[PDB]
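A quick write-up on the structure given underneath.
Note that we place each Cβ from the backbone using ideal geometry, even for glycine, and neighbour counts take in every protein chain shown. Only the coordinates and a few stated rules stand behind these numbers; no lab work does.
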Amino acid sequence: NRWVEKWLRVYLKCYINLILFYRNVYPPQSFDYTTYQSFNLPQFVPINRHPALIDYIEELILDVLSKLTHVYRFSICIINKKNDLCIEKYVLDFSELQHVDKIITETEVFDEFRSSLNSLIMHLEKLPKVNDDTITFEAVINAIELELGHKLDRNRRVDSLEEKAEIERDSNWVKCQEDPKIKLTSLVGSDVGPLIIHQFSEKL
Amino acid sequence: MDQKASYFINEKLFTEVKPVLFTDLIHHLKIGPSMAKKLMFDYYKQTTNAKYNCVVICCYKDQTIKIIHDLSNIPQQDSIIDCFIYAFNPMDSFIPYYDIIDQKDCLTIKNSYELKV
Amino acid sequence: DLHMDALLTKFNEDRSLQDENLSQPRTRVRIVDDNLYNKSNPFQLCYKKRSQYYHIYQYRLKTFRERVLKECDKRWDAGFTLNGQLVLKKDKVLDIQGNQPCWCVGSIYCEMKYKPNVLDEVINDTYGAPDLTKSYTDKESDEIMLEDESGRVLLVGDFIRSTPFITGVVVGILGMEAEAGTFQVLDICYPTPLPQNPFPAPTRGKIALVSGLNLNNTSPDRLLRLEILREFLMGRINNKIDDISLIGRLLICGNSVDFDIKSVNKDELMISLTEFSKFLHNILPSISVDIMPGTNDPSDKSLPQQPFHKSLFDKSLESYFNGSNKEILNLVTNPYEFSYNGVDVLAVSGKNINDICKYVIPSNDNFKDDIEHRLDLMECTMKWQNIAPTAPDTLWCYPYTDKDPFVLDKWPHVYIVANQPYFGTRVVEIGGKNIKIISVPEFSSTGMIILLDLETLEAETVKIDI
Amino acid sequence: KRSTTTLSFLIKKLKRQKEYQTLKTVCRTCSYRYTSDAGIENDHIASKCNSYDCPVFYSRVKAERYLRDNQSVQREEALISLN
Ligand code: SF4
């Protein structure tokens, strides 16, 4: 957790921004290609410049990093708005992540991130174009041993910003279930020492 | 060699998704630019399963270098002095990456001075 | 005329595959700088030493007046008669009164109002800037005076109209008073011609002129163009070593990185400098590199910008910065005079001409933002022997003491002004000497590089699409 | 060999210098009302204005004091690190 958090946050930011841009979740005019977005990105990743969207993405990534000790799968679901049905699912496996109980040069980490993001972009390019006008996205995680929404039964008298952040992050999730022609396409992840991440995608 | 180069290009194009340049062949096989361009052209053939985008550039007269985009209407075809394949792009946006390269023995032109330590 | 595959088959299948031994690579032509260690770099100042414009103005006025008086004495010497009568010498502006020709020396006074865009830019970043347009509209114009410490006279006529002028420039007006305190203009004298080094007749190589790299974290196409330039300079693309090996040196003339200094942090600038260092390390073993500070580069806002630093570069370049390896890498002051194989070339990043062009002058009725107008401005800069006519804009406090380096002391063989919107070359004959003026365009947009021959002084352009 | 602290030093110094240049340009443009001049002797006259009713004067004098401030020691530190 020394340098793992920063690289993981950068990778999550690149992943979310690429998925938003290439699936037309937000207008392409609001995205710009850049390498610095308060962190040196491994590539020229198109990052949205809407302040509310940036804050939302950063908060979600921080929450996921906080809960990383108990979550083994992070998914961004693409759901239509005419009906609440998921049409595309991108799964980011976290099978123990090779957690650093006790850390490697940044160059190889960025090279592996470049390979994984290039695989993701190559998969996304061949997908059919998605129309504008109310296509939206959704975030779902798969947990091992946790229970959220139950930390507000003691009146949670906050004292500092850390306690308020913990309370708001515990209460910002709801319980969901596991739920044809589902097509599974495995992608390229990172095989570096500290970070062992597997990438998946779903269609239909 | 048409075998090591093809294997390296296939690896760098499919195993680790990254655009491959002819300069990559120059640095890997320790060959001159002309041999690298010929090997790239050879790999362009025998490609019944085409799963990449070719980035081709041509050299005009008056020392002008252009990147072909339209691929249908190339202006001033009579003034072309050279045309080759610059890279194989597995994605749509080229956007390559550049790193530190040790040109110990792959240099075709060297400056008159030598690095003194 | 044919499909792309046909051209690829025609060109690639007939590859030469010759002369590429790769064990004995062709040696680049040797190009040296005679000013690497000689003495007294005029533009090398001390930042620690640090309004002082009064002394600079006095020195400039004295030197220019002395030179113009010498030229006038050479040209308008006693005994020179006009068509009707003899011309007299007048020391003060008030002595030119009569129906006889006469000449006097004084500074030129013009309006030179600021452009509205500059006014808006400075107003938006001051927090209390007044309506500066009122300063120009209250006066509500188009005239030129001649100030020589005794008054001013209006310079009417036609010879004075067809010449661009900047305030503070002294001249040798020779005319006739006609009907009022307005003085006609018939001939104009400039400072006496300066010495020039002899042309080194003789083999000889060329030098590449590139400026305006503008390495930004938002535009990746500029990185592609820089990589293509790196490949072309190494002979990987042209495949004609017999011509590539003649390019002795590469010259970057500023604007390596583009950023907003008002809102910037260390990380993104460090990323850009690491990219620049990667390019340098990948190009240094094949060719020598000379780097110049730019207007938007991380160097002093004034015009005499000192060399960058030994730092701000990757650790892979630490071998070149040990001090012994200066012929392959050299960081230099923004204005400099390279003695390339005896060919003295003066290089300016273009801040002076850019600062002159931000003024709207209600004069010179007989170009608007054209290459010809800027070329005429540069020619006037050589004529006036003043690199920076607009001292309050380009120059800073304490340029020097009693000897301003920006006043020319020796005309160079080749004059370079970089970071210009358009490219253009023009040779001018001033006092029997020949100076070549080169306008280097920006590389970020229309990324042309100028190949200057050191044996015949011909500038050929190389254009890279993307 | 240090590209972190020196880069911040240059960032601060260049921001200060550009702010000072903008203030001087504004003062020169305002003094054009009286001087009707653009070159030298206009900025010299503008530098002698001591109007207490305009914030630009306060900003200009603050910037001038800050240029002559301890930044001289900061420049010396940069010189030592560069060497
Ligand atoms: S008064 Fe305010 S505005 Fe007028 S010159 Fe002095 S500072 Fe500039």
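As a test, work out the antiparallel percent of DSSP beta bridges whose residues both lie in the range C:52-187, rounded to the nearest 5.
70 percent
Name the shape class, rounded, prolate or oblate, that the alpha-carbon gyration tensor gives for chain A, where a ≥ b ≥ c are the square roots of its eigenvalues, rounded holds for a/c under 1.5, and otherwise prolate holds if a/b is larger than b/c and oblate otherwise.
The shape class here is rounded.
Is it possible to state the helix-based mean residue ellipticity at 222 nm for chain C, with each DSSP H run of 4+ residues giving -39500 (n - 2.57), the sum divided by total residues, to the nearest 500 deg cm²/dmol? What is it?
Value at 222 nm, helices only: -6500 deg cm²/dmol.
Roughly what % of DSSP beta bridges within the protein assembly as shown run antiparallel, to the nearest 5? Display every interim value, and only then the final one.
On the way: 79 of 112 bridges.
Once the DSSP bridges in the protein assembly as shown are tallied, antiparallel ones form about 70 percent.
Shape verdict for chain B, please, from the Cα gyration tensor: rounded (a/c under 1.5), prolate (a/b greater than b/c) or oblate.
oblate
Could you list C:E327, A:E162 so that the one with the fewest beta carbons within 10 Å of its beta carbon is first and the one with the most is last?
If I rank by nearby Cβ atoms, fewest first, I get A:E162, C:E327.
How big is the gap, in Å, between the Cα center of the range C:3-68 and the Cα center of the range C:307-359?
If we compute the Cα centre of each part, the gap is 8 Å.
Quick one: compute a quarter of the convex hull surface over the Cα atoms of the protein assembly as shown and quote it in nm².
Values: hull surface 188.8 nm².
Mean shadow area of the hull around the Cα atoms is 47.2 nm².
With the Cα gyration tensor of the range A:1-114 giving a ≥ b ≥ c as the square roots of its eigenvalues, does the rule (a/c under 1.5 for rounded; else a/b larger than b/c for prolate; else oblate) give rounded, prolate or oblate?
Here the range A:1-114 falls in the oblate category.
Just list whichever of B:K110/C:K463; C:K206/C:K278; B:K18/C:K326; B:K116/D:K1; C:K62/C:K326 have alpha carbons separated by over 31 Å in the model shown.
Working: B:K110/C:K463 24 Å; C:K206/C:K278 24 Å; B:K18/C:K326 37 Å; B:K116/D:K1 20 Å; C:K62/C:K326 39 Å.
Those over the limit are B:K18/C:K326; C:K62/C:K326.
Calculate, for C:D120 and C:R161, the FRET efficiency according to 1/(1 + (r/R0)^6) with r their C-beta to C-beta distance and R0 25 Å; round to the nearest 0.05.
That pair, C:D120 with C:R161, gives E of 0.25.
Take every residue in peptide C:230-238, count the Cβ atoms of other chains within 10 Å of its Cβ, and give the average of those counts. Display every interim value, and only then the final one.
Values: counts 2, 8, 3, 1, 8, 5, 11, 10, 6.
If you average over the peptide's residues, the count of other-chain Cβ atoms is 6.
Where the centre of each part is set by its Cα atoms, how far does the range C:363-418 sit from the range A:131-159, in angstrom?
After rounding, the separation between the Cα centres reads 66 Å.
Which ordering of C:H413, A:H123, C:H3, C:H55 is given by a fewest-first count of other beta-carbon atoms within 10 Å?
The most exposed by this proxy come first: C:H3, C:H55, A:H123, C:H413.
Whole number please: convex hull volume per residue, Cα atoms of the range C:1-126, in Å³.
Convex hull volume per residue, Cα atoms: 567 Å³.
If R₀ is 60 angstrom, what is the calculated FRET efficiency for the pair B:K4 and C:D402, using the beta carbon separation as r and rounding to 0.05? Before the final figure, lay out each step's value.
Working: r = 69 Å, r/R0 = 1.16.
According to the calculation, E is roughly 0.30.
Could you give the dipole magnitude of chain B about its Cα centre, charging the beta-carbon of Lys and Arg +1 and that of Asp and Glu -1, in debye to the nearest 20? Please report the intermediate quantities before stating the final value.
Numbers: 13 positive and 14 negative charges, 42 e Å.
Result for chain B is approximately 200 debye, rounded to the nearest 20.
Place a point 7 Å from the Cα of D:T5 along the Cα-to-Cβ direction; which residues of the range C:277-321 have their backbone N under 14 Å from it?
Counting backbone N atoms under 14 Å from the label point, the list is empty.
Of all alpha-carbon pairs in chain C, indicate the percentage at a distance above 32 angstrom.
Pairs farther apart than 32 Å: 48 percent.
Reachable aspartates and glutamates from C:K90, Cα under 18 Å, same-chain residues fewer than 8 places away excluded?
C:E66, C:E71, C:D73, C:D77, C:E147, C:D148, C:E149, C:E177, C:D187
List, in order, the whole-Hz ³J(HN,Hα) value for each residue of the range C:161-178 obtained from phi through the Karplus relation with A = 6.51, B = -1.76, C = 1.60 and θ = phi - 60°; use x for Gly and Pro.
Taking θ as phi minus 60°, the curve returns 6, 8, 7, x, 9, 10, 4, x, 8, 8, 9, x, 3, 10, x, 9, 6, 10 Hz for the range C:161-178.
Among D:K62, B:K37, A:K89, rank each residue by its count of other Cβ atoms within 10 Å, from fewest to most, as a rough exposure measure.
Least to most surrounded, the residues fall as D:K62, A:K89, B:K37.
Per-residue mean of other chain beta-carbon atoms within 10 angstrom of the beta-carbon, peptide C:118-127?
4
Please figure out what share of the DSSP beta bridges in chain C is antiparallel and state it in percent, rounded to the nearest 5.
For chain C, the DSSP antiparallel bridge percentage is about 55.
Kindly provide the Kirkwood hydrodynamic radius of the range C:52-187 in Å, to one decimal, from all pairs of distinct alpha carbon atoms.
Details: mean 1/r = 0.0585 Å⁻¹.
Evaluated on the range C:52-187, it is 17.1 Å.
Cross-link partners among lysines for D:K48, C-alpha distance below 23 Å, same-chain residues fewer than 8 apart left out?
By straight Cα distance, D:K48 reaches C:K113, C:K134, C:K139, D:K18, D:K24, D:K62.
If I model a spin label as a point 7 Å beyond the Cα along the Cα-Cβ vector, how far apart are those points for B:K61 and B:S79 in nm?
0.8 nm
Quick one: check the C-alpha center-to-center distance for the range B:31-107 versus the range C:132-164, whole angstrom.
Rounded to whole Å, the Cα centres lie 59 Å apart.
In degrees from 0 to 90, rounded to the nearest 10, what is the angle of the helix D:55-67 Cα long axis to the longest principal axis of chain D?
The helix D:55-67 is inclined about 30 degrees to chain D.
Restricting to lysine pairs 8 or more places apart or on different chains, what number in the range A:100-204 have Cα atoms under 29 Å apart?
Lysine pair count for the range A:100-204: 14.
How many Cβ atoms of partner chains, on average, are near each residue of B:85-95 if near means within 10 Å of its Cβ?
For peptide B:85-95, the averaged partner shielding equals 4.
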